[PDB]
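The structure appears right after this line, and notes come after that.
Worth knowing before you read on, the calculation uses all heavy atoms, side chains too, and leaves out hydrogens, waters and symmetry mates. Residues take their numbers from the sequence shown, with the count starting at 1.
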Amino acid sequence: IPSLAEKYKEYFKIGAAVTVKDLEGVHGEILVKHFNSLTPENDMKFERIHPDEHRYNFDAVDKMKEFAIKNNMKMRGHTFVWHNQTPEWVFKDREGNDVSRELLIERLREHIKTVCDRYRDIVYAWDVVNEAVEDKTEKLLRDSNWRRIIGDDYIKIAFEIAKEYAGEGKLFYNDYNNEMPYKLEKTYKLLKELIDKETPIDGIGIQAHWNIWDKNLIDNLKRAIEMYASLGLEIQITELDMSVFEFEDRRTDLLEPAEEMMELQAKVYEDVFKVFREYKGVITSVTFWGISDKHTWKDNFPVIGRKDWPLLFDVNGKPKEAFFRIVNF
């Protein structure tokens, strides 16, 4: 039972996404021992931390910050600008009309300044913009309220605002599947354009919502690291997990992993963490999207109500085989 974060202290931070209840019981003990970074899974989404025009909700995030300071951890900020996570008041003036460009920018500035002021002492990295890149088609960017109202500059402006208030925290673009052929080159092009216009972006977040069946994962991972690194960016793995299901595999029948799933999972985790260690000079943080299989978003996404087993600790809070293979170095 080595401490994962301790074993990786000369490589990068080891993080986990958390809710307030993850700070209690067995999960809290695992956090204390194995992790030196926390990401609020939901409680820093715009609609959670800032649900009304005149009301913020800091309660959950304050408890995670208190926890992090007591237990020698730092936090990742998640997230400022993320499709479908901004409450509707932000975009509307009293008549229900779209706000002006100038006003939307100012509301974003006030949001980011408020959140950064409160937490910049504990946050070392911010997911400033999340999943702006278009996923379904060949286009670069998604349609959104921000883009409709501000225009394409909303990304750069969000980074410029976060730059004013984040102190020493680093600023990230965060996305899923940004290692895959259909998305990597587009995303590289976007980031190159932002960087050339002097957007203060420090790195890219590779969400790494992966699965044990993906043949091209290792080669995709290396190529993405190479492309993003070549722009001068730092790389953080931000929401790593390892589904036993291909994404289009919506079967609901499994009551436990089928034979070979757990060993395959351990083998893949071993391989990705060897790549992480291999490109350690540019990867600065590795965060899992959960602590143990008892509590994972993969049980309800993409399929409501079916069990998955994607993390390093099993349903009993105990370390699975994957854990032992990634501390084996």
Does atom [atom1] of [X] have more than 12 heavy-atom neighbours from other groups under 6.0 Å away?
X      : atom1 : result
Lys318 : NZ    : no
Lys9   : NZ    : yes
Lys74  : NZ    : no
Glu246 : CD    : yes

message = Between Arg107 and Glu110, does any NZ, NE, NH1 or NH2 come within less than 4.0 Å of an OD or OE carboxylate oxygen?
response = no
May I ask you to check whether [X] and [Y] place their ring centers less than 6.0 Å from one another?
X      : Y      : value
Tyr176 : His209 : no
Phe329 : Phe324 : no
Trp146 : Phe91  : yes
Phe313 : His27  : no

inquiry  = Between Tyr56 and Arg118, is the side-chain hydrogen bond (donor to acceptor under 3.5 Å, both in side chains) condition met? List the steps.
reply    = CA-CA 12 Å; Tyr56 286 85; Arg118 194 168 191 90; over 6 Å; no
Do [X] and [Y] have side-chain N/O donor and acceptor atoms under 3.5 Å apart?
X      : Y      : result
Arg76  : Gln236 : yes
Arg109 : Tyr165 : yes
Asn145 : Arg148 : yes
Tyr269 : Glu321 : no
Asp175 : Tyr173 : yes
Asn178 : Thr187 : no
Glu234 : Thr284 : yes
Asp62  : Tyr119 : yes
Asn57  : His50  : no

ask   = How many angstroms lie between atom NZ of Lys113 and atom CZ of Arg120, to the nearest 0.5 angstrom?
value = 7.0 Å
